[PDB]
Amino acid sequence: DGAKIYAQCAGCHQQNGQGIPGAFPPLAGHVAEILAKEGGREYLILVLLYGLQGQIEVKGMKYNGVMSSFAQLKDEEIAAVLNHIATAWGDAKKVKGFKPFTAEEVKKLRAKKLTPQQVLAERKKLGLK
């Protein structure tokens, strides 16, 4: 299940999804922020398929690291871990009519490979600084 997959994330984003200041951005309380943007759920899938780099801000703090791709996960595994980070800390509560992540959403985005620099560009297109 998604919680089991999340073990592959926990080393960085931590068991409680609160991250490490300056090093690993929080997921708890921040996934909602992303989902709130038009294109936000697609962006979350792209991070997992293609990785991320570049300076970003989360809850007013700056991050400047690199996240690897997790494309070796299957479509259902990526769907499951994203549902985990969307629900485990209540972020989806904050979001009106959250539909759970599904395998075909991941499949569709795998069809167009992006670089981690292009993933950062997608993040910026969301209105996120």
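The numbering used is simple: start at 1 and walk along the sequence shown.
Averaged over their C-alpha atoms, the temperature factors of 71-79 and 54-62 are higher for 54-62. Legend: mean Cα B-factor per stretch from the PDB entry, 43-51 versus 28-36; the higher mean is in 28-36. Placement of the Cα temperature factor of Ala3 within the chain: lowest third of the modelled residues, per the deposited record. Per the deposited record, the Cα B-factor of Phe101 falls in the lowest third when ranked against the other modelled residues of its chain. For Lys107, the recorded CA temperature factor ranks within the highest third of the chain's modelled residues.
Residue-level temperature factors show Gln117 in the lowest third of its chain, judged at the C-alpha atom. Compared with the other modelled residues of the chain, the Cα B-factor recorded for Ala88 ranks in the middle third.
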